[PDB]
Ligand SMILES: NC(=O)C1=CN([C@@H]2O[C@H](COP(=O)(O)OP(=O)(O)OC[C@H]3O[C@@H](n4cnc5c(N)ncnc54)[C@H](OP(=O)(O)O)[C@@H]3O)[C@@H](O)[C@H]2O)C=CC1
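Have a look below at one chain only, the form deposited without the named molecule, in structure tokens format.
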């Protein structure tokens, strides 16, 4: 009742599996009408079936956050059938490609965030929640990319929060640690063992434990939290 999102529309990107899907189900559990997105029509349909199977109202759709056209078209569709999303959740490697990876990720956050801000500004209320990437990839390049993406996400989140706060729109981030998903489940055992050894709690996190934090941030009780990045990592801090 206190935690309720009844009457809200929520847009969760990348909702067809793992953390995105858990987030979609948690906001649904709390009463939101949920629009979950995937990059394929089959993913969108899977989202709609998942939603239905858990008794959550809303829809799956196709969204490419790298495209201005996909973003404008998708928001127009949502406004036409439902209304304005006021909760929006944005959800080896090489040694040298950290720069393009971060740059792309932040350009996508920015693109979607700016597009949804018009509606939140009209409503004088909003929640933007950015989900960082999960710990996992191998060696020095993986560590470099993780730390860079996390620093980008924190600084971006703080700045956007300063820019939009006078409108009663909060902007926060959740930075996960080593979370049990399809992408971490079949990491080489030795890499997994070593990651577990760096975690005080001595276990992987669950997607649901990320989603609970997102659901708190989306609620009215988190209205004075903004510009924050909440680490959800079992005490494993990697800079």
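For clarity, a rigid core is taken as the largest C-alpha set superposing within 1.5 Å between two forms. Positions refer to the first chain, counted from 1.
What comes next is about the form solved in complex with the named molecule, which is not displayed.
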Practice task
Would you mind fitting the named molecule into the shown chain by superposing the local C-alphas on its pose in the bound PDB entry and telling me if the pocket reads open or blocked at 2.4 Å from backbone or C-beta atoms, 3 atoms or more being blocked?
Solution key: blocked
Completion exercise
Only hit among 191, 54, 206, 40 for heavy atom within 4.5 Å of the named molecule in the bound PDB entry is 40
Handout entry: All of 119, 170 and 226 within 4.5 Å of the named molecule in the bound PDB entry, heavy atom check
Key = no
Handout entry: Exercise: residue 198 in contact with the named molecule in the bound PDB entry, heavy atom 4.5 Å
Key = no
Handout entry: Touches the named molecule in the bound PDB entry: residue 146 (any heavy atom, 4.5 Å)
Key = yes
Handout entry: Contact label in the bound PDB entry: residue 32 to the named molecule, heavy atom within 4.5 Å
Key = no
Practice task
Spell out, yes or no, whether the shortest heavy atom distance between residue 18 and the named molecule in the bound PDB entry is within 4.5 Å.
Solution key: yes
Handout entry: Residues within 4.5 Å of the named molecule in the bound PDB entry, restricted to 124-162 and counted by heavy atom
Key = 131, 132, 133, 146, 150
Handout entry: Exceeds or equals 2 Å, Cα of residue 148 between this form and the one not shown, core fit
Key = yes
Exercise for the section: Would you tell me if residue 136 moves between this form and the one not shown by 2 Å or more at its C-alpha, with the rigid core held superposed? Expected result: yes
Exercise for the section: Verify the C-alpha shift of residue 187 between this form and the one not shown: is it 2 Å or more after superposing the core? Expected result: yes
Handout entry: residue 103 and residue 43, C-alpha gap in the bound PDB entry relative to this structure (3 Å or more)
Key = closer
Handout entry: Direction of the Cα shift between residue 19 and residue 104 in the bound PDB entry, where the change is 3 Å or more
Key = closer
